[PDB]
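Notes to accompany the following structure.
If you read the sequence from its start, that first residue is 1, and numbering goes on from there.
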Amino acid sequence: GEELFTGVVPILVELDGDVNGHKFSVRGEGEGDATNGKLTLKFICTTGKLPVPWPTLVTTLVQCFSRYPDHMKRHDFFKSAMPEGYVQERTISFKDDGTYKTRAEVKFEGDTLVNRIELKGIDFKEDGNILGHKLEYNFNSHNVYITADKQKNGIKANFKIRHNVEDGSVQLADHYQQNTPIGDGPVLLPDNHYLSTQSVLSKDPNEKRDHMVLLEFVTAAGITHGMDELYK
């Protein structure tokens, strides 16, 4: 629940990936401040060079750090499933290109929130925008649309990421998401709402390994009932 997220929380991220047979690993570390909706992480490709553009991994690499406004806190499934955690699964369909399938478990290991991911990508084009590394190193702002999945006792989400391509075009990545709690504990199943997400990508000038520094802000919105500041 909310009590685990009231301060600054250390984060660890571990990804094992395989895209068109190219195997790679990513590790990240940082901290999250759910009260302000802020995440700061640094990621390293521990196997060498990354075979895909860093931006294509941003969404895969802990929505429990979203800032839910006071009047919406009963719609925060992610924190309600902690510390035991949840499984997050996605299909990410890159328009005119391949598909990522991801499975992650997000849970606390003591004081640390840990996101452990497996990623499998198939059907990518050798000189498409992904395997051809034609995406700009930046990120746009997007909304993540959430709805309850009573039958799986969790949530579904959908959104479309727009990756800037170096030639001025846009590479769409359609996201279909499911989250299911780990274990049988009670959870909060929300009304429809969304997460507004901003991200800033940068580099550590003293880092020689292939890496990504990330700052992210995430707030929940889309429900108005109970927000008295909106009356007048």
Side-chain angles (χ1 to χ4, degrees), residues 11-30 39-63 87-106 114-144 157-179 195 197-205 207-216 218:
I11 302 168
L12 291 175
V13 183
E14 296 139 10
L15 184 145
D16 187 277
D18 168 352
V19 177
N20 275 35
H22 304 297
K23 315 292 201 303
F24 61 95
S25 298
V26 174
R27 288 190 185 250
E29 57 168 38
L39 285 173
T40 56
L41 291 128
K42 175 177 166 181
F43 300 93
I44 300 295
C45 178
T46 53
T47 45
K49 304 283 206 64
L50 204 59
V52 297
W54 279 107
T56 72
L57 297 182
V58 167
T59 57
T60 296
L61 296 164
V62 280
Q63 290 173 320
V87 178
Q88 180 160 298
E89 297 167 290
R90 293 209 182 96
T91 300
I92 301 169
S93 304
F94 291 90
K95 188 181 157 62
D96 301 319
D97 212 328
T99 294
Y100 293 166
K101 278 193 157 49
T102 66
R103 186 184 181 279
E105 297 193 8
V106 188
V114 178
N115 178 21
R116 180 165 298 170
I117 314 146
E118 72 182 277
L119 179 151
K120 172 70 173 289
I122 65 171
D123 301 322
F124 284 87
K125 297 181 177 177
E126 276 304 318
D127 200 57
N129 290 323
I130 292 76
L131 286 183
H133 298 268
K134 303 174 185 174
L135 302 181
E136 301 187 331
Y137 188 72
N138 55 36
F139 222 81
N140 294 307
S141 308
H142 308 81
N143 293 331
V144 176
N158 66 279
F159 51 107
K160 292 184 176 181
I161 294 297
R162 292 161 284 103
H163 297 290
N164 291 354
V165 185
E166 63 191 1
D167 74 343
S169 66
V170 177
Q171 170 69 64
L172 297 171
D174 280 306
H175 282 64
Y176 313 86
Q177 174 179 335
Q178 293 180 3
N179 296 62
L195 308 181
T197 303
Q198 300 83 44
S199 308
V200 175
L201 310 194
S202 61
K203 298 287 186 187
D204 178 352
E207 181 55 73
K208 305 192 306 167
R209 301 165 290 182
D210 196 4
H211 74 282
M212 166 176 72
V213 179
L214 182 158
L215 160 71
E216 193 164 293
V218 184

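- Annotation: side chain of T47 is not in contact with side chain of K23 (no heavy-atom distance under 4.5 Å).
- With sequence neighbours excluded, the residues forming a salt bridge (charged side-chain N to carboxylate O under 4.0 Å, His left out) with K134 are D127, listed by chain and number.
- In terms of heavy atoms, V144 sits closest to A157 at CG1-CB, 4.0 Å.
- For the pair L50 and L57, the minimum side-chain heavy-atom distance is below 4.5 Å.
- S202 approaches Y137 most closely through the heavy-atom pair O-OH, 2.7 Å.
- Considering only heavy atoms from C-beta on, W54 stays 4.5 Å or farther from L214 through its side chain.
- In this structure, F94 and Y100 have perpendicular ring planes: the angle between them is above 60°, well past the 30° mark.
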Evaluate side chain to side chain contact (heavy atoms under 4.5 Å, CB included) for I117 paired with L61, printing each intermediate quantity in order. CA-CA 8 Å; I117 314 146; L61 296 164; 4.3 Å; yes
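- Heavy-atom minimum distance, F43 versus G28: CD2-CA, 3.6 Å.
- Side-chain atoms of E136 and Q171 include no donor-acceptor pair closer than 3.5 Å.
- When every heavy atom of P51 is checked against every heavy atom of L131, the shortest pair comes out as O-CD2, 3.5 Å.
- A heavy-atom distance below 4.5 Å is not found between the side chains of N158 and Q177.
- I161 is listed as a side-chain neighbour of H175, based on a closest heavy-atom distance under 4.5 Å.
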Step by step, would you call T46 with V26 a side chain to side chain contact (heavy atoms under 4.5 Å, CB included)? CA-CA 6 Å; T46 53; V26 174; over 6 Å; no
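- For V62 against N115, the heavy-atom pair with the smallest separation is CG1-CB, 3.7 Å.
- Atom NZ of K125 is separated from atom CG of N20 by 12.0 Å, given to the nearest 0.5 angstrom.
- Residues satisfying the side-chain contact (heavy atoms from CB on, under 4.5 Å) test with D167, not counting sequence neighbours, are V165, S169.
- Atoms CE and SG, on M212 and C45 in that order, are 11.0 Å from each other to the nearest 0.5 Å.
- Rounding to the nearest 0.5 Å places CG of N143 at 8.5 Å from CG of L195.
- Side-chain contact check for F159 versus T59: some heavy-atom pair is nearer than 4.5 Å.
- Residues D97 and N129 bring no donor and acceptor atom of their side chains to less than 3.5 Å of each other.
- Side-chain atoms of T102 do not come within 3.5 Å of backbone N or O of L119 as any donor-acceptor pair.
- For the pair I92/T60, a side-chain contact is recorded, criterion being any heavy-atom separation below 4.5 Å from C-beta on.
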Please step through salt bridge (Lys or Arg N to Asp or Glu O under 4.0 Å) for the pair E118 and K101, ending with a clear verdict. CA-CA 8 Å; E118 72 182 277; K101 278 193 157 49; over 6 Å; no
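- Annotation for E105: atom CD counts as buried by contact number, over 12 foreign heavy atoms lying within 6.0 Å.
- Under the 3.5 Å distance criterion, the side-chain polar atoms of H211 are matched with a main-chain donor or acceptor of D204.
- For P53, the side-chain contact (heavy atoms from CB on, under 4.5 Å) partners two or more places apart in sequence, or in a different chain, are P55, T56, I130, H133, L135.
- Within the cation-pi definition used here (under 6.0 Å to the ring centroid, within 45° of the axis), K49 does not qualify as a partner of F24.
- The OG1 atom of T91 sits 8.5 Å away from atom CD of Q178, with the distance rounded to the nearest 0.5 Å.
- Checking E216 against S199 by side-chain atom types alone, a donor-acceptor pair falls below 3.5 Å.
- A salt bridge does not link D174 to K95: none of the charged side-chain nitrogens sits closer than 4.0 Å to a carboxylate oxygen.
- Contact annotation: the side chain of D210 never approaches that of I44 to less than 4.5 Å [non-hydrogen atoms, C-beta and beyond].
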Does the pair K203 and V213 meet the rule for a side chain to side chain contact (heavy atoms under 4.5 Å, CB included), with working shown? CA-CA 5 Å; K203 298 287 186 187; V213 179; 5.8 Å; no
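- The number of heavy-atom neighbours closer than 6.0 Å to NZ of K120, taken from other residues, nucleotides and ligands shown, is 12 or below.
- The backbone N or O of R162 lies less than 3.5 Å from a partner atom in the side chain of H142, making a donor-acceptor pair.
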